Amino acid sequence: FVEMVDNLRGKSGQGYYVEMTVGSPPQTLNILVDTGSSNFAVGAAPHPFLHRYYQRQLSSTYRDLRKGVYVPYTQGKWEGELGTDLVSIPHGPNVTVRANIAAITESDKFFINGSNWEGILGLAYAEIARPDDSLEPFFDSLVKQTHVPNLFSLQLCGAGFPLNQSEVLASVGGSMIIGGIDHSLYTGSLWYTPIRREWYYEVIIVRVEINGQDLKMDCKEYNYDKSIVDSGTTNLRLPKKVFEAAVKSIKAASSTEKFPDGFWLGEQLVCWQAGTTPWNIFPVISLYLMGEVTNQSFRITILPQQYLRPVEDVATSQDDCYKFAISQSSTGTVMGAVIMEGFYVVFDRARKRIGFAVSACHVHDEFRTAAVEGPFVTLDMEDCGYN
């Protein structure tokens, strides 16, 4: 497992990626690690944002499937040609496998300039794969063709200050442990919530507290129409009602200070002189998740240092500036990178569950520390799932 530590480069605003290789001879590519989709896909042609791409013609071993494919994400979409080829993760356990690969031909709002990846790795389940559920996703292939156990874990650490985008490519920001857990990347106990159904990594949230006060909503609202865990999405995304309540609550907690309302829409920035960010006036958020045992939940607690994402200032100064990283969703709750960054997250596919633990890498508050804590008692958790 040690060979796999630090095998991820990137950040929450543009994605975390892992080195992989495709074809014989091996072509090296940076591939974005996305638990919110199930298709492995690469640039196979030149494009302004791409430094390199996949040349099937050079592959000794590219087979072709003479089939086409389209994926749409919440943001961005691409289109292309299914084939198969041999794939390795140089960091990743050294079993080479044959896997489905989409070769991207047309794309809209999908490649990000400077992000330094050239492709995407969907680690979610087959039912969501395009064009349909018989297109075996990468990780299903890896499990079926090798002795890699059926789980992986993600420690994302991002935004040490002050971040430079190229530099992030230079110095590491996380770990994907393929086929196990590395006990040295977290402290405390792992707490597990069930994967409710195997498509997106879908969980059930059963309470939400802000600075210790319950939002007092029907918990179905928290999962309307699903809650999922998604390394491929930057923000914490909340259903339209929940989001309104959080914001109302967060605005009130921080009312002493002055913000545009368009900041609270996640578009505008805010800024303070270096080292004067008034962290204390921003509340912690507690998401209580369904546990493994009857009537039992646990909570994960999130600091403002995760939901206020650092960005480089437009009028360039020595300011600390931040985009607000909770946004409205209409497609369910999404526990994105910014929430995952506090934690070591186990995708325990084998036991259909997801584990959380305090990361060895976490943002530090002088007086507040984010924690994964249980057990809590919580009646009628099944109600909370939407239908």
# chains A, B, ... in the order shown; residues from 1 in each chain; ligands from 1

$ select_by_dssp --residues "region 245-307 of chain A" --states "alpha helix (DSSP H)" --output "ChimeraX atom specification"
/A:245-253,304-307

$ residues_around --residues "residue 151 (chain A)" --least-positions-apart "2" --cutoff "7 Å" --atoms "only C-alpha atoms" --output "ChimeraX atom specification"
/A:149,153,178-180,347-350

$ closest_residue --among "A:335, A:112, A:253, A:190" --to "residue 211 (chain A)" --atoms "only C-alpha atoms"
A:253

$ residues_around --residues "residue 298 (chain A)" --least-positions-apart "6" --cutoff "8 Å" --atoms "only C-alpha atoms" --output "number ranges by chain"
A: 191, 288-291, 372-376

$ write_last_selection --atoms "C-alpha atoms" --output "compact mmCIF listing (two decimals), in the first residue's frame"
# COMPACT_ATOMS: atom_id res chain seq x y z
CA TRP A 191 -17.62 4.75 10.78
CA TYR A 288 -25.44 12.52 10.50
CA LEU A 289 -25.32 9.33 8.38
CA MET A 290 -27.19 6.03 8.73
CA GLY A 291 -25.16 3.43 10.60
CA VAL A 372 -16.24 11.51 12.85
CA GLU A 373 -18.15 10.57 15.92
CA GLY A 374 -20.61 7.95 17.07
CA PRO A 375 -22.70 6.19 18.01
CA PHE A 376 -25.89 8.28 17.89

$ closest_residue --among "A:294, A:387, A:256, A:145" --to "residue 226 (chain A)" --atoms "only C-alpha atoms"
A:387

$ residues_around --residues "residue 227 (chain A)" --least-positions-apart "5" --cutoff "6 Å" --atoms "only C-alpha atoms" --output "PDB file with N, CA and C atoms, in the first residue's frame"
ATOM      1  N   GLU A 202     -24.618   5.802  -3.050  1.00  0.00           N
ATOM      2  CA  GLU A 202     -25.778   6.481  -2.492  1.00  0.00           C
ATOM      3  C   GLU A 202     -25.887   6.214  -1.003  1.00  0.00           C
ATOM      4  N   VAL A 203     -26.018   7.288  -0.253  1.00  0.00           N
ATOM      5  CA  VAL A 203     -26.155   7.162   1.163  1.00  0.00           C
ATOM      6  C   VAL A 203     -27.427   7.866   1.624  1.00  0.00           C
ATOM      7  N   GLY A 332     -30.422  16.090  -6.084  1.00  0.00           N
ATOM      8  CA  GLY A 332     -30.100  15.440  -4.807  1.00  0.00           C
ATOM      9  C   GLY A 332     -28.911  16.069  -4.089  1.00  0.00           C
ATOM     10  N   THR A 333     -28.581  15.541  -2.919  1.00  0.00           N
ATOM     11  CA  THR A 333     -27.404  15.961  -2.183  1.00  0.00           C
ATOM     12  C   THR A 333     -26.138  15.372  -2.795  1.00  0.00           C
ATOM     13  N   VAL A 334     -25.098  16.191  -2.892  1.00  0.00           N
ATOM     14  CA  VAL A 334     -23.827  15.698  -3.366  1.00  0.00           C
ATOM     15  C   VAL A 334     -22.753  16.091  -2.397  1.00  0.00           C
TER      16      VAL A 334
END

$ atom_distance --atom1 "CA of residue 242 (chain A)" --atom2 "CA of residue 308 (chain A)"
18.2 Å

$ residues_around --residues "residue 214 (chain A)" --least-positions-apart "5" --cutoff "12 Å" --atoms "only C-alpha atoms" --output "ChimeraX atom specification"
/A:206-209,219,242,245-246,249,285-288

$ closest_atom_pairs --of "region 145-251 of chain A" --to "region 68-89 of chain A" --cutoff "12 Å" --atoms "only C-alpha atoms" --output "tab-separated table"
residue	atom	partner	partner_atom	distance
A:145	CA	A:86	CA	11.6
A:176	CA	A:89	CA	10.8
A:177	CA	A:89	CA	11.3
A:178	CA	A:89	CA	9.7
A:230	CA	A:74	CA	11.8
A:232	CA	A:73	CA	9.9
A:233	CA	A:74	CA	9.0
A:234	CA	A:75	CA	11.2
A:237	CA	A:74	CA	11.6

$ closest_residue --among "A:156, A:303, A:120, A:195" --to "residue 138 (chain A)" --atoms "only C-alpha atoms"
A:120

$ closest_atom_pairs --of "region 240-336 of chain A" --to "region 343-346 of chain A" --cutoff "12 Å" --atoms "only C-alpha atoms" --output "tab-separated table"
residue	atom	partner	partner_atom	distance
A:300	CA	A:343	CA	9.1
A:301	CA	A:343	CA	10.0
A:302	CA	A:343	CA	9.8
A:303	CA	A:343	CA	11.8
A:306	CA	A:343	CA	10.9
A:335	CA	A:345	CA	11.5
A:336	CA	A:343	CA	11.6

$ write_last_selection --atoms "N, CA and C atoms" --output "mmCIF file, in the first residue's frame"
data_model
loop_
_atom_site.group_PDB
_atom_site.id
_atom_site.type_symbol
_atom_site.label_atom_id
_atom_site.label_comp_id
_atom_site.auth_asym_id
_atom_site.auth_seq_id
_atom_site.Cartn_x
_atom_site.Cartn_y
_atom_site.Cartn_z
ATOM 1 N N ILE A 300 -20.508 13.237 10.807
ATOM 2 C CA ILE A 300 -19.275 13.830 10.333
ATOM 3 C C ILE A 300 -19.441 15.311 10.412
ATOM 4 N N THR A 301 -18.412 15.969 10.890
ATOM 5 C CA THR A 301 -18.511 17.392 11.105
ATOM 6 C C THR A 301 -17.514 18.141 10.263
ATOM 7 N N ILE A 302 -18.018 19.192 9.633
ATOM 8 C CA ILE A 302 -17.345 19.913 8.583
ATOM 9 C C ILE A 302 -17.088 21.327 9.026
ATOM 10 N N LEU A 303 -15.834 21.768 8.922
ATOM 11 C CA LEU A 303 -15.488 23.161 9.238
ATOM 12 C C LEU A 303 -15.700 24.111 8.047
ATOM 13 N N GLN A 306 -13.516 23.935 4.964
ATOM 14 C CA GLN A 306 -13.780 23.082 3.821
ATOM 15 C C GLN A 306 -14.828 23.726 2.893
ATOM 16 N N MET A 335 -22.117 15.061 -1.816
ATOM 17 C CA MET A 335 -21.034 15.246 -0.868
ATOM 18 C C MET A 335 -19.773 15.238 -1.683
ATOM 19 N N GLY A 336 -19.322 16.413 -2.066
ATOM 20 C CA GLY A 336 -18.252 16.509 -3.048
ATOM 21 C C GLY A 336 -16.864 16.516 -2.435
#

$ atom_distance --atom1 "CA of residue 59 (chain A)" --atom2 "CA of residue 27 (chain A)"
8.6 Å

$ closest_residue --among "A:29, A:123, A:4, A:281" --to "residue 251 (chain A)" --atoms "only C-alpha atoms"
A:281

$ atom_distance --atom1 "CA of residue 91 (chain A)" --atom2 "CA of residue 20 (chain A)"
8.1 Å

$ residues_around --residues "residue 155 (chain A)" --least-positions-apart "5" --cutoff "12 Å" --atoms "only C-alpha atoms" --output "ChimeraX atom specification"
/A:4-9,11,16,33,172-178,181-186,231,337-347,355-362

$ residues_around --residues "region 270-277 of chain A" --least-positions-apart "2" --cutoff "6 Å" --atoms "only C-alpha atoms" --output "NGL selection string"
:A and (279 or 319-322)

$ write_last_selection --atoms "C-alpha atoms" --output "PDB file, in the first residue's frame"
ATOM      1  CA  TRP A 279     -12.964  31.642  10.683  1.00  0.00           C
ATOM      2  CA  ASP A 319      -5.319  38.676   0.101  1.00  0.00           C
ATOM      3  CA  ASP A 320      -6.986  35.443   1.198  1.00  0.00           C
ATOM      4  CA  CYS A 321     -10.022  35.021  -1.090  1.00  0.00           C
ATOM      5  CA  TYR A 322     -12.708  32.360  -1.151  1.00  0.00           C
TER       6      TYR A 322
END

$ select_by_dssp --residues "region 44-110 of chain A" --states "strand (DSSP E)" --output "VMD selection string"
chain A and resid 63 to 72 77 to 88 97 to 108

$ write_last_selection --atoms "C-alpha atoms" --output "PDB file, in the first residue's frame"
ATOM      1  CA  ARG A  63      -9.298  -3.768 -29.913  1.00  0.00           C
ATOM      2  CA  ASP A  64     -12.360  -1.902 -31.208  1.00  0.00           C
ATOM      3  CA  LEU A  65     -16.059  -2.423 -30.523  1.00  0.00           C
ATOM      4  CA  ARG A  66     -17.542  -0.435 -33.410  1.00  0.00           C
ATOM      5  CA  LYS A  67     -20.010   1.133 -30.991  1.00  0.00           C
ATOM      6  CA  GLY A  68     -20.549   4.717 -29.952  1.00  0.00           C
ATOM      7  CA  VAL A  69     -21.102   6.362 -26.646  1.00  0.00           C
ATOM      8  CA  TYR A  70     -22.317   9.527 -25.058  1.00  0.00           C
ATOM      9  CA  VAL A  71     -22.011  10.655 -21.423  1.00  0.00           C
ATOM     10  CA  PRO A  72     -23.628  13.707 -19.849  1.00  0.00           C
ATOM     11  CA  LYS A  77     -20.390  16.003 -21.799  1.00  0.00           C
ATOM     12  CA  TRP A  78     -18.417  13.993 -24.303  1.00  0.00           C
ATOM     13  CA  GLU A  79     -19.014  11.561 -27.170  1.00  0.00           C
ATOM     14  CA  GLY A  80     -16.798   8.798 -28.610  1.00  0.00           C
ATOM     15  CA  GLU A  81     -15.699   5.336 -29.697  1.00  0.00           C
ATOM     16  CA  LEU A  82     -15.663   2.331 -27.445  1.00  0.00           C
ATOM     17  CA  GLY A  83     -12.672   0.065 -27.666  1.00  0.00           C
ATOM     18  CA  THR A  84     -10.669  -2.013 -25.198  1.00  0.00           C
ATOM     19  CA  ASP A  85      -7.037  -1.964 -24.232  1.00  0.00           C
ATOM     20  CA  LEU A  86      -4.522  -2.971 -21.594  1.00  0.00           C
ATOM     21  CA  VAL A  87      -4.449  -0.607 -18.624  1.00  0.00           C
ATOM     22  CA  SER A  88      -2.103  -0.125 -15.683  1.00  0.00           C
ATOM     23  CA  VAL A  97      -6.014  -5.533 -17.235  1.00  0.00           C
ATOM     24  CA  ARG A  98      -8.121  -5.324 -20.324  1.00  0.00           C
ATOM     25  CA  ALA A  99     -10.747  -2.607 -19.889  1.00  0.00           C
ATOM     26  CA  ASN A 100     -13.398  -0.698 -21.772  1.00  0.00           C
ATOM     27  CA  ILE A 101     -12.087   2.674 -22.989  1.00  0.00           C
ATOM     28  CA  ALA A 102     -14.048   5.450 -24.582  1.00  0.00           C
ATOM     29  CA  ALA A 103     -11.928   7.453 -26.986  1.00  0.00           C
ATOM     30  CA  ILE A 104     -13.271  11.007 -26.871  1.00  0.00           C
ATOM     31  CA  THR A 105     -13.958  12.777 -30.192  1.00  0.00           C
ATOM     32  CA  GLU A 106     -16.329  15.696 -29.332  1.00  0.00           C
ATOM     33  CA  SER A 107     -16.764  17.323 -25.929  1.00  0.00           C
ATOM     34  CA  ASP A 108     -18.443  20.320 -24.304  1.00  0.00           C
TER      35      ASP A 108
END

$ closest_residue --among "A:310, A:263, A:351, A:315" --to "residue 327 (chain A)" --atoms "only C-alpha atoms"
A:263
